[PDB]
file upload-v6.cif (mmCIF, C-alpha atoms and all ligand atoms)
data_my_file
#
loop_
_atom_site.label_atom_id
_atom_site.label_comp_id
_atom_site.auth_asym_id
_atom_site.auth_seq_id
_atom_site.Cartn_x
_atom_site.Cartn_y
_atom_site.Cartn_z
CA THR A 145 5.13 -5.20 21.73
CA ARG A 146 5.00 -8.99 21.44
CA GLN A 147 5.46 -8.79 17.66
CA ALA A 148 9.28 -8.85 18.03
CA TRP A 149 8.97 -12.42 19.40
CA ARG A 150 6.74 -13.90 16.68
CA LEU A 151 6.93 -14.97 13.04
CA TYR A 152 4.46 -15.82 10.28
CA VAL A 153 5.06 -19.15 8.53
CA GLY A 154 3.13 -19.71 5.30
CA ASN A 155 2.71 -22.57 2.84
CA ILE A 156 2.68 -25.12 5.68
CA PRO A 157 2.11 -28.82 4.89
CA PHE A 158 -1.50 -29.92 5.00
CA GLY A 159 -2.44 -31.73 8.19
CA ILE A 160 0.68 -30.69 10.11
CA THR A 161 0.29 -30.43 13.88
CA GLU A 162 1.46 -27.57 16.06
CA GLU A 163 3.77 -30.00 17.93
CA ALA A 164 5.36 -31.27 14.71
CA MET A 165 6.03 -27.70 13.58
CA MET A 166 7.51 -26.77 16.96
CA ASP A 167 9.79 -29.84 17.01
CA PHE A 168 10.95 -29.10 13.45
CA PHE A 169 11.95 -25.52 14.21
CA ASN A 170 13.50 -26.30 17.59
CA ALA A 171 15.66 -29.01 16.02
CA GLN A 172 16.65 -26.94 12.98
CA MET A 173 17.63 -23.98 15.18
CA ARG A 174 19.91 -26.22 17.26
CA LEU A 175 21.35 -28.17 14.32
CA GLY A 176 22.11 -24.91 12.50
CA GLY A 177 23.85 -23.23 15.40
CA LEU A 178 21.18 -20.52 15.74
CA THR A 179 19.97 -21.38 19.28
CA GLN A 180 21.50 -19.11 21.91
CA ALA A 181 21.02 -21.16 25.12
CA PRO A 182 19.87 -24.51 26.58
CA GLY A 183 16.22 -25.31 26.03
CA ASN A 184 13.77 -24.67 23.22
CA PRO A 185 13.78 -21.31 21.39
CA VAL A 186 10.24 -21.86 20.05
CA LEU A 187 7.69 -21.74 22.86
CA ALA A 188 4.45 -22.17 20.89
CA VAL A 189 2.93 -22.60 17.44
CA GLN A 190 -0.58 -21.51 16.45
CA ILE A 191 -1.84 -23.05 13.21
CA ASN A 192 -4.67 -21.78 11.07
CA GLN A 193 -5.40 -25.00 9.19
CA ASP A 194 -8.01 -23.57 6.84
CA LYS A 195 -5.87 -20.59 5.80
CA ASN A 196 -2.59 -22.58 5.55
CA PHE A 197 -0.33 -20.57 7.87
CA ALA A 198 1.12 -20.62 11.37
CA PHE A 199 2.56 -18.17 13.84
CA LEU A 200 5.61 -19.11 15.91
CA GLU A 201 6.27 -17.60 19.33
CA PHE A 202 9.90 -17.44 20.46
CA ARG A 203 11.49 -16.92 23.87
CA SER A 204 13.81 -14.11 22.70
CA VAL A 205 13.96 -11.27 20.18
CA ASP A 206 17.37 -12.40 18.92
CA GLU A 207 16.32 -15.99 18.22
CA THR A 208 13.21 -14.69 16.42
CA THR A 209 15.43 -12.62 14.14
CA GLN A 210 17.83 -15.52 13.52
CA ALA A 211 14.92 -17.77 12.52
CA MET A 212 14.23 -15.48 9.54
CA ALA A 213 17.23 -17.26 8.00
CA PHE A 214 15.06 -20.36 7.56
CA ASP A 215 12.85 -18.69 4.93
CA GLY A 216 12.40 -21.23 2.14
CA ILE A 217 13.35 -24.29 4.16
CA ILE A 218 11.68 -27.42 2.79
CA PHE A 219 9.34 -29.16 5.21
CA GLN A 220 7.41 -32.17 3.93
CA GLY A 221 8.07 -31.01 0.38
CA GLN A 222 6.92 -27.39 0.90
CA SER A 223 8.96 -24.17 0.93
CA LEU A 224 8.07 -22.48 4.21
CA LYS A 225 7.47 -18.72 3.80
CA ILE A 226 8.88 -17.05 6.92
CA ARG A 227 7.91 -13.40 7.41
CA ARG A 228 7.63 -10.76 10.09
CA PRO A 229 4.17 -9.96 11.44
CA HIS A 230 2.79 -7.04 9.45
CA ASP A 231 2.64 -4.92 12.65
CA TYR A 232 6.26 -5.61 13.57
CA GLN A 233 8.59 -2.63 13.68
CA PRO A 234 12.25 -2.99 14.71
CA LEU A 235 13.21 -1.13 17.84
CA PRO A 236 15.89 1.52 17.20
CA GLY A 237 19.44 0.24 17.23
CA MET A 238 18.27 -3.33 16.59
CA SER A 239 18.95 -5.08 13.29
CA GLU A 240 15.93 -6.92 11.90
CA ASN A 241 18.13 -9.12 9.70
CA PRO A 242 19.53 -12.57 10.58
CA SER A 243 23.28 -12.89 10.97
CA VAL A 244 23.70 -16.63 10.29
CA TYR A 245 23.26 -18.47 7.01
CA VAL A 246 21.71 -21.94 6.92
CA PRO A 247 23.38 -24.14 4.27
CA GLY A 248 21.08 -25.34 1.52
CA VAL A 249 18.17 -23.08 2.47
CA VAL A 250 16.96 -21.06 -0.51
CA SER A 251 15.02 -17.84 0.15
CA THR A 252 11.47 -17.53 -1.18
CA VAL A 253 11.93 -13.79 -1.77
CA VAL A 254 12.50 -13.33 -5.50
CA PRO A 255 12.59 -9.58 -6.26
CA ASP A 256 12.03 -8.34 -9.77
CA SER A 257 15.54 -7.95 -11.19
CA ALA A 258 17.57 -8.32 -14.38
CA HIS A 259 18.01 -12.11 -14.14
CA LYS A 260 14.87 -13.19 -12.31
CA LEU A 261 13.46 -16.13 -14.28
CA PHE A 262 9.89 -17.20 -15.03
CA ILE A 263 9.28 -20.93 -15.50
CA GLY A 264 5.82 -21.71 -16.86
CA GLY A 265 4.16 -24.94 -17.93
CA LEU A 266 5.24 -27.06 -14.95
CA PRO A 267 3.19 -30.22 -14.27
CA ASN A 268 0.97 -29.45 -11.29
CA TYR A 269 1.88 -32.67 -9.44
CA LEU A 270 5.42 -31.38 -8.75
CA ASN A 271 5.85 -29.97 -5.24
CA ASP A 272 8.09 -27.08 -4.24
CA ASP A 273 10.98 -29.46 -3.48
CA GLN A 274 10.89 -31.17 -6.89
CA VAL A 275 10.68 -27.92 -8.86
CA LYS A 276 13.56 -26.54 -6.80
CA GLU A 277 15.60 -29.67 -7.60
CA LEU A 278 14.83 -29.28 -11.32
CA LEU A 279 16.26 -25.75 -11.24
CA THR A 280 19.19 -26.55 -8.93
CA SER A 281 20.47 -29.01 -11.54
CA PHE A 282 21.80 -25.97 -13.44
CA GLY A 283 23.39 -24.28 -10.42
CA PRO A 284 22.73 -23.07 -6.87
CA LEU A 285 19.72 -20.85 -6.33
CA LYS A 286 19.65 -17.53 -4.52
CA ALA A 287 15.84 -17.50 -4.38
CA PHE A 288 12.86 -19.51 -5.62
CA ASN A 289 9.07 -19.59 -5.34
CA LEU A 290 6.52 -21.97 -6.87
CA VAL A 291 3.11 -20.32 -7.20
CA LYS A 292 0.18 -22.14 -5.60
CA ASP A 293 -3.54 -21.57 -5.44
CA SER A 294 -4.13 -19.89 -2.10
CA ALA A 295 -7.44 -21.68 -1.50
CA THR A 296 -6.57 -25.25 -2.52
CA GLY A 297 -2.78 -25.41 -2.15
CA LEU A 298 -2.42 -26.89 -5.63
CA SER A 299 0.48 -25.74 -7.79
CA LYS A 300 -0.50 -23.25 -10.49
CA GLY A 301 2.22 -24.69 -12.72
CA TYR A 302 4.66 -21.77 -12.76
CA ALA A 303 7.54 -20.54 -10.64
CA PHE A 304 10.15 -17.80 -10.34
CA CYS A 305 13.80 -18.02 -9.40
CA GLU A 306 17.16 -16.28 -9.24
CA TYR A 307 20.48 -18.13 -9.54
CA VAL A 308 23.47 -17.27 -7.37
CA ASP A 309 25.54 -16.94 -10.57
CA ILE A 310 23.83 -14.60 -13.04
CA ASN A 311 25.44 -16.62 -15.85
CA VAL A 312 23.48 -19.77 -14.96
CA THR A 313 20.29 -17.97 -16.04
CA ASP A 314 20.98 -18.48 -19.75
CA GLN A 315 22.06 -22.08 -19.12
CA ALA A 316 18.70 -22.87 -17.48
CA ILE A 317 16.87 -21.14 -20.34
CA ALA A 318 18.80 -23.19 -22.91
CA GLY A 319 18.16 -26.44 -21.06
CA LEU A 320 14.48 -25.96 -20.23
CA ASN A 321 12.77 -23.48 -22.56
CA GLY A 322 10.46 -25.25 -25.01
CA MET A 323 10.60 -28.61 -23.23
CA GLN A 324 7.47 -30.66 -23.94
CA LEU A 325 5.58 -32.51 -21.19
CA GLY A 326 2.36 -34.10 -22.36
CA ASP A 327 0.15 -31.19 -23.36
CA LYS A 328 2.42 -28.58 -21.73
CA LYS A 329 5.49 -26.83 -23.11
CA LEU A 330 7.80 -25.04 -20.71
CA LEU A 331 8.33 -21.31 -21.17
CA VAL A 332 11.58 -20.27 -19.48
CA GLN A 333 12.65 -16.66 -19.90
CA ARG A 334 13.56 -13.67 -17.80
CA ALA A 335 10.40 -12.72 -15.93
CA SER A 336 10.58 -9.14 -17.18
CA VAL A 337 9.82 -10.36 -20.71
CA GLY A 338 6.25 -11.48 -20.03
CA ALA A 339 5.34 -9.77 -16.78
CA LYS A 340 1.75 -8.53 -17.01
NA NA A 401 -4.75 -20.28 2.00
NA NA A 402 0.09 -23.95 0.18
#
call {"tool": "encode", "arguments": {"input": "upload-v6.cif", "output": "structure tokens"}}
result
Amino acid sequence: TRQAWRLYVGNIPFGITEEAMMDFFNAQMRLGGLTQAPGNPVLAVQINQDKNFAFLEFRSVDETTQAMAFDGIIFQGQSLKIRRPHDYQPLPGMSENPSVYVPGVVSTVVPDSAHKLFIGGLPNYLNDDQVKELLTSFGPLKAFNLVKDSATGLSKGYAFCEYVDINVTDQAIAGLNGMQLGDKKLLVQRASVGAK
């Protein structure tokens, strides 16, 4: 099954070409020490421009798995969402999880948990990178996602995150909750408090 050689990439920059995406991933894999031989690990990229996602095709199962470590990497201001194809199943005795860490890359997977934060009231002109930088001021992030409209790509003005250090959570709340920005006022609280 070809699905062990392919990844979904969501939240791609508008107007990006398949070649630009391929060059980005091939370079990052090499610069990060993930590539396992001479030559390019990514063989092809198929972009769905209207739906805002791509699929990457890799030359090996192992390099496909390692590339999962790039989930959340910023590309032209956007956090790339890297995921397995929905019809992927690991073969027995194979780990589906990457074994290398990429410095500075913050996962987009923010599970509901004790210290998961909601940040509402963000100006909609801030991209994923700038909201991430706002939050990183308080301490390193374990995970982060800025919510966007799936049809237009515009920020919906709220995000979720998890700090590496659970104790930074209350520091970010103290520094950001109630902050006024024009007509908006930030609400920063554990996401469990106001989850619908
Ligand atoms: Na879309
Ligand atoms: Na988007």
call {"tool": "atom_distance", "arguments": {"input": "upload-v6.cif", "atom1": "CA of residue 256 in chain A", "atom2": "CA of residue 302 in chain A"}}
result
15.6 Å
call {"tool": "residues_around", "arguments": {"input": "upload-v6.cif", "residues": "residue 323 in chain A", "least_positions_apart": "6", "cutoff": "12 Å", "atoms": "only C-alpha atoms", "output": "ChimeraX atom specification"}}
result
/A:263-267,316-317,329-332
call {"tool": "residues_near_ligand", "arguments": {"input": "upload-v6.cif", "ligand": "ligand NA 402 (chain A)", "cutoff": "7 Å", "atoms": "all atoms listed in the file", "output": "ChimeraX atom specification"}}
result
/A:155-156,196,292,294,297-298
call {"tool": "closest_residue", "arguments": {"input": "upload-v6.cif", "among": "A:315, A:192, A:210, A:180", "to": "ligand NA 401 (chain A)", "atoms": "all atoms listed in the file"}}
result
A:192
call {"tool": "residues_around", "arguments": {"input": "upload-v6.cif", "residues": "residue 201 in chain A", "least_positions_apart": "4", "cutoff": "12 Å", "atoms": "all atoms listed in the file", "output": "ChimeraX atom specification"}}
result
/A:146-153,162,165-166,169-170,184-191,205,207-209,211,228-229
call {"tool": "residues_near_point", "arguments": {"input": "upload-v6.cif", "point": "(4.3, -12.9, -14.0)", "cutoff": "10 Å", "atoms": "all atoms listed in the file", "output": "PyMOL selection string"}}
result
chain A and resi 256+261-264+302-304+335-340
call {"tool": "residues_near_point", "arguments": {"input": "upload-v6.cif", "point": "(2.7, -25.6, -9.2)", "cutoff": "6 Å", "atoms": "all atoms listed in the file", "output": "VMD selection string"}}
result
chain A and resid 268 290 to 292 299 to 302
call {"tool": "atom_distance", "arguments": {"input": "upload-v6.cif", "atom1": "CA of residue 319 in chain A", "atom2": "CA of residue 288 in chain A"}}
result
17.7 Å
call {"tool": "atom_distance", "arguments": {"input": "upload-v6.cif", "atom1": "CA of residue 280 in chain A", "atom2": "CA of residue 313 in chain A"}}
result
11.2 Å
call {"tool": "closest_residue", "arguments": {"input": "upload-v6.cif", "among": "A:241, A:281, A:193, A:145", "to": "ligand NA 401 (chain A)", "atoms": "all atoms listed in the file"}}
result
A:193
call {"tool": "residues_around", "arguments": {"input": "upload-v6.cif", "residues": "residue 254 in chain A", "least_positions_apart": "4", "cutoff": "8 Å", "atoms": "only C-alpha atoms", "output": "mmCIF file with C-alpha atoms, in the coordinates of the input"}}
result
data_model
loop_
_atom_site.group_PDB
_atom_site.id
_atom_site.type_symbol
_atom_site.label_atom_id
_atom_site.label_comp_id
_atom_site.auth_asym_id
_atom_site.auth_seq_id
_atom_site.Cartn_x
_atom_site.Cartn_y
_atom_site.Cartn_z
ATOM 1 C CA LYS A 260 14.870 -13.190 -12.310
ATOM 2 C CA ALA A 287 15.840 -17.500 -4.380
ATOM 3 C CA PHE A 288 12.860 -19.510 -5.620
ATOM 4 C CA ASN A 289 9.070 -19.590 -5.340
ATOM 5 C CA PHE A 304 10.150 -17.800 -10.340
ATOM 6 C CA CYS A 305 13.800 -18.020 -9.400
ATOM 7 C CA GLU A 306 17.160 -16.280 -9.240
#
call {"tool": "closest_residue", "arguments": {"input": "upload-v6.cif", "among": "A:307, A:158, A:168, A:232", "to": "ligand NA 401 (chain A)", "atoms": "all atoms listed in the file"}}
result
A:158
call {"tool": "build_atoms", "arguments": {"input": "upload-v6.cif", "residues": "range 207-242 of chain A", "atoms": "N, CA and C atoms", "output": "compact mmCIF listing (two decimals), keeping the file's coordinate frame"}}
result
# COMPACT_ATOMS: atom_id res chain seq x y z
N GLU A 207 16.60 -14.72 18.88
CA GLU A 207 16.32 -15.99 18.22
C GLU A 207 15.20 -15.87 17.19
N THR A 208 14.22 -14.99 17.44
CA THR A 208 13.21 -14.69 16.42
C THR A 208 13.86 -14.17 15.15
N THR A 209 14.76 -13.19 15.30
CA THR A 209 15.43 -12.62 14.14
C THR A 209 16.27 -13.67 13.41
N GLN A 210 17.01 -14.50 14.16
CA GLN A 210 17.83 -15.52 13.52
C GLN A 210 16.98 -16.49 12.70
N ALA A 211 15.78 -16.81 13.20
CA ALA A 211 14.92 -17.77 12.52
C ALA A 211 14.44 -17.28 11.16
N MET A 212 14.53 -15.97 10.89
CA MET A 212 14.23 -15.48 9.54
C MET A 212 15.15 -16.13 8.51
N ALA A 213 16.32 -16.62 8.93
CA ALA A 213 17.23 -17.26 8.00
C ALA A 213 16.71 -18.59 7.46
N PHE A 214 15.65 -19.13 8.06
CA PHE A 214 15.06 -20.36 7.56
C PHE A 214 14.04 -20.14 6.45
N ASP A 215 13.82 -18.90 6.00
CA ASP A 215 12.85 -18.69 4.93
C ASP A 215 13.20 -19.55 3.72
N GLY A 216 12.21 -20.33 3.26
CA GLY A 216 12.40 -21.23 2.14
C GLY A 216 12.77 -22.64 2.51
N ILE A 217 12.99 -22.93 3.79
CA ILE A 217 13.35 -24.29 4.16
C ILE A 217 12.25 -25.24 3.73
N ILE A 218 12.64 -26.41 3.22
CA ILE A 218 11.68 -27.42 2.79
C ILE A 218 11.23 -28.24 3.99
N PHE A 219 9.93 -28.35 4.15
CA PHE A 219 9.34 -29.16 5.21
C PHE A 219 8.23 -29.96 4.57
N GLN A 220 8.38 -31.28 4.57
CA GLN A 220 7.41 -32.17 3.93
C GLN A 220 7.10 -31.71 2.51
N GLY A 221 8.16 -31.36 1.78
CA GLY A 221 8.07 -31.01 0.38
C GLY A 221 7.73 -29.56 0.08
N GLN A 222 7.40 -28.75 1.09
CA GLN A 222 6.92 -27.39 0.90
C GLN A 222 7.97 -26.37 1.34
N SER A 223 8.10 -25.29 0.57
CA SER A 223 8.96 -24.17 0.93
C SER A 223 8.25 -23.31 1.97
N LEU A 224 8.73 -23.29 3.20
CA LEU A 224 8.07 -22.48 4.21
C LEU A 224 8.37 -21.00 3.98
N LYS A 225 7.32 -20.17 3.97
CA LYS A 225 7.47 -18.72 3.80
C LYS A 225 7.52 -18.08 5.18
N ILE A 226 8.69 -17.64 5.59
CA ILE A 226 8.88 -17.05 6.92
C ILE A 226 8.93 -15.54 6.78
N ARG A 227 8.08 -14.85 7.53
CA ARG A 227 7.91 -13.40 7.41
C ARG A 227 7.66 -12.79 8.79
N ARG A 228 8.00 -11.51 8.90
CA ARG A 228 7.63 -10.76 10.09
C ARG A 228 6.12 -10.56 10.13
N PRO A 229 5.55 -10.47 11.32
CA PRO A 229 4.17 -9.96 11.44
C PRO A 229 4.08 -8.59 10.78
N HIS A 230 2.93 -8.31 10.15
CA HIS A 230 2.79 -7.04 9.45
C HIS A 230 2.87 -5.84 10.39
N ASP A 231 2.56 -6.01 11.68
CA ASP A 231 2.64 -4.92 12.65
C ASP A 231 3.96 -4.90 13.42
N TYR A 232 4.93 -5.69 13.00
CA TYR A 232 6.26 -5.61 13.57
C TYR A 232 6.99 -4.38 13.07
N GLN A 233 7.64 -3.69 14.00
CA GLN A 233 8.59 -2.63 13.68
C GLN A 233 9.85 -2.89 14.50
N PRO A 234 11.03 -2.84 13.90
CA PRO A 234 12.25 -2.99 14.71
C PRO A 234 12.38 -1.85 15.70
N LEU A 235 12.86 -2.18 16.90
CA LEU A 235 13.21 -1.13 17.84
C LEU A 235 14.51 -0.46 17.38
N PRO A 236 14.67 0.84 17.64
CA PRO A 236 15.89 1.52 17.20
C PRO A 236 17.14 0.83 17.71
N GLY A 237 18.18 0.86 16.88
CA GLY A 237 19.44 0.24 17.23
C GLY A 237 19.44 -1.27 17.22
N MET A 238 18.35 -1.89 16.76
CA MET A 238 18.27 -3.33 16.59
C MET A 238 18.21 -3.65 15.10
N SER A 239 19.01 -4.61 14.67
CA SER A 239 18.95 -5.08 13.29
C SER A 239 17.82 -6.10 13.18
N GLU A 240 16.99 -5.95 12.15
CA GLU A 240 15.93 -6.92 11.90
C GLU A 240 16.39 -8.07 11.02
N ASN A 241 17.70 -8.13 10.67
CA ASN A 241 18.13 -9.12 9.70
C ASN A 241 18.96 -10.22 10.37
N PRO A 242 18.76 -11.48 9.97
CA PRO A 242 19.53 -12.57 10.58
C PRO A 242 21.00 -12.47 10.22
